[PDB]
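Throughout, read-outs are computed from the coordinates displayed, never taken from laboratory work. FYI the Cβ positions are ideal-geometry reconstructions off the backbone, even for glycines, and counts take in every protein chain you see.
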Amino acid sequence: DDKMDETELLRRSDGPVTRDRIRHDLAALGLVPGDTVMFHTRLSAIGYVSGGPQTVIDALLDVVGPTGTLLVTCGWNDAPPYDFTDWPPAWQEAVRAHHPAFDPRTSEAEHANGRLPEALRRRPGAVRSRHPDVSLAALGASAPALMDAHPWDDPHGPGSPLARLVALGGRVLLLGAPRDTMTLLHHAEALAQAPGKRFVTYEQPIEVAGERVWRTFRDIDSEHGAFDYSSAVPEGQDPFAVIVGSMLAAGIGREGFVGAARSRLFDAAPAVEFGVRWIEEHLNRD
Amino acid sequence: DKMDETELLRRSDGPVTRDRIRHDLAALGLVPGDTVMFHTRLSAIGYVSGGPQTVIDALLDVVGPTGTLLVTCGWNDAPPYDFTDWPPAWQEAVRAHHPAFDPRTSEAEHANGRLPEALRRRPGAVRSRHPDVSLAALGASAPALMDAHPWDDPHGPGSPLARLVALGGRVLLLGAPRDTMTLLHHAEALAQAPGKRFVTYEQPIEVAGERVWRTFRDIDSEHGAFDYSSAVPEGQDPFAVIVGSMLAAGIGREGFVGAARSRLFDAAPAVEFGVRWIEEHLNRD
Ligand SMILES: [Cl-]
């Protein structure tokens with residue numbers, strides 16, 4: 001029921017949530033002109049947002065202003081599965097012969113990231129990074145250098161957009177999104193040194209020189225965790241949720257509300273520094 | 001989700017590729033130069049390698065550069081028709097702050113699925129200007145089909161749907177159920193019968209760079225342009241009944257595209273049939 005969904009969201013926020021009200025709530029959280037902010041969104045948690053994703057994006061642009069930048073994690077919803085080489089031989093041949101290349105302009109973001117990354121990447125002037133598995137998108141003053149030349153291998157590591165967010169003094173905003181959605185902690189996993197690090201190898205079709213070619217990629221296991229967190233994390237619990245919870249308890253990050261959405265704003269450099277130290281201390285046992 | 005893939009892969013007995021869809025579309029009767037409005041239920045096709053992009057590429061492969069694809073978009077985040085029933089403070093917030101419809105960025109209705117949202121993002125795609133029932137089109141006839149969508153009676157004469165009929169266009173249901181045929185709203189707008197139901201609603205648009213509120217009139221495309229209670233059996237959707245009767249009268253062809261039950265109609269005889277069906281069932285002189 002469409003009617004119903006609207007009724008519940010209106011009730012949740014006690015009426016429509018507007019662009020200027022979101023702008024006000026974001027400034028109260030600590031977002032300021034000139035910031036670069038990567039943001040994860042659970043749109044319905046805000047309430048009934050008058051104008052949907054476009055209103056959230058324009059409120060964010062109002063706060064950071066023309067010299068600031070917004071960033072999201074996109075990925076590729078219709079990528080071939082990592083394990084597509086475990087299918088009957090005629091099937092995977094069909095994939096290898098006919099699966100289209102990743103295309104930054106048209107390939108849709110992963111559906112699990114919700115509507116906001118797919119709205120951001122389609123904004124006029126938005127820039128989407130070239131990686132077929134873990135592309136980001138950005139909008140604003142620093143968007144070309146942040147997204148430029150996404151490193152094929154180790155795409156969460158030293159050369160990556162996430163590293164550039166840290167070096168810029170950027171921020172991470174969870175906008176109703178839960179603590180485990182903080183993508184930036186994959187950059188922490190990529191930097192962290194501890195035994196038992198998990199890596200993945202997969203292939204995906206990309207377009208280079210205007211022709212479609214397959215490429216093999218290496219990354220940390222950003223799906224099941226770059227380590228076994230068995231010893232440091234109660235089972236049933238998500239490692240990133242535990243790290244961010246400890247982060248917050250150590251005084252890194254500010255919590256508040258944007259509409260009806262429980263929201264958290266972090267500086268990216270201390271969050272990554274905390275995350276790598278968390279992983280190395282819990283997992284090295286020296 | 002690996003089981004999700006196993007379900008889809010079992011449904012189509014392996015990946016459905018661009019070439020396989022093109023093959024099945026041609027066998028259903030789509031030809032080079034066709035203009036085709038299509039409604040899609042991706043999961044009914046099976047495991048489509050490449051998702052919506054692959055469906056669109058296959059359709060372009062069949063109709064070629066002289067052909068045109070059309071979809072219905074609408075506007076997912078339009079103000080609800082009845083926001084003017086809300087408490088005064090809530091409707092004043094919508095009036096002062098709801099952003100204008102923007103054909104380049106306003107999202108299609110979530111219920112229309114992922115194909116319309118992918119089509120309108122293609123390079124060269126054209127999206128009509130109507131804030132409530134916009135269409136999008138891609139190909140040689142897209143500018144003329146989408147141009148100057150009438151504000152009032154947006155399914156009536158001179159609308160994109162009327163232009164699809166006049167062009168000799170077609171309608172494709174690609175695993176979509178018989179009741180998503182948008183073209184039959186054009187039949188409802190043309191049909192002469194008692195008790196026709198209309199809606200009047202307000203939506204923000206941009207006119208010469210300024211955001212303005214406008215009032216719009218349409219047939220009730222949400223609840224049905226007529227009370228169909230005496231014309232259809234209980235629990236059946238009117239458009240499904242009309243399309244079923246259309247098929248049984250020899251209008252339209254049916255087959256499979258991948259695993260998806262699919263139906264292809266010529267738009268001019270579909271609308272003529274739909275108008276007659278409504279006038280015969282709802283006048284009963
Ligand atoms: Cl490049």
Among residues of segment A:4-30, those that are in a helix (DSSP H, G or I) and out of contact with any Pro (no Cβ under 8 Å at 6 or more places or on another chain), counted: 18
Where residue B:146 falls short, out of the listed (1) touching a residue at least 24 places away in the same chain (Cβ under 8 Å); (2) surrounded by 19 or more Cβ atoms within 10 Å (Cβ to Cβ): (1)
Pairs, first within 14 Å of residue B:121 (Cα to Cα) in segment A:123-134, second part of a loop (DSSP other than H, G, I, E, B) and more than 11 Å from the ligand (Cβ to nearest atom), C-beta under 8 Å, six or more apart: A:123/B:105; A:124/B:104; A:124/B:105
Test: residue in segment A:4-27 that is surrounded by fewer than 16 Cβ atoms within 10 Å (Cβ to Cβ) and in contact with a helix residue (DSSP H, G or I) (Cβ under 6 Å, 6 or more places away or on another chain): yes
Subset of segment B:25-55 that is over 20 Å from the mean Cα position of the chain (by Cα) and within 14 Å of chain A (Cβ to nearest Cβ) - its residue that is farthest from residue A:101 (Cα to Cα): B:46
Qualifying residue in segment A:186-194 (condition: more than 16 Å from the ligand (Cβ to nearest atom), touching a strand residue (DSSP E or B) at 6+ places or on another chain (Cβ under 6 Å) and in a helix (DSSP H, G or I)): yes
Residues satisfying the stated conditions in segment A:113-165, i.e. more than 14 Å from every other protein chain (Cβ to nearest Cβ), more than 16 Å from the ligand (Cβ to nearest atom) and at positive phi: A:140, A:154
Exclusive hit being within 13 Å of chain A (Cβ to nearest Cβ), touching a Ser or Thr at 6+ places or on another chain (Cβ under 6 Å) and surrounded by 17 or more Cβ atoms within 10 Å (Cβ to Cβ), set B:78, B:93, B:58: B:93
Verdict on residue A:156 being in a loop (DSSP other than H, G, I, E, B), in contact (Cβ under 8 Å) with a residue 24 or more places away in the chain and under 26 Å from residue A:254 (Cβ atoms): yes
Qualifying residue in segment A:13-22 (condition: more than 11 Å from every other protein chain (Cβ to nearest Cβ) and not aromatic (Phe, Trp, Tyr)): no
Test result for residue A:127, in contact with a strand residue (DSSP E or B) (Cβ under 6 Å, 6 or more places away or on another chain) and over 30 Å from residue B:12 (Cβ atoms): yes
The one condition in (1) in a loop (DSSP other than H, G, I, E, B); (2) under 20 Å from residue B:49 (Cβ atoms) that residue A:225 fails to fulfil: (2)
Filter result for the condition that a residue is of a type in the set (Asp, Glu), on the phi < 0 side of the Ramachandran plot and touching a residue at least 24 places away in the same chain (Cβ under 8 Å), over B:61, B:4: B:61
Residues (assigned to a helix (DSSP H, G or I) and within 10 Å of chain A (Cβ to nearest Cβ)) located in segment B:101-112: B:110, B:111
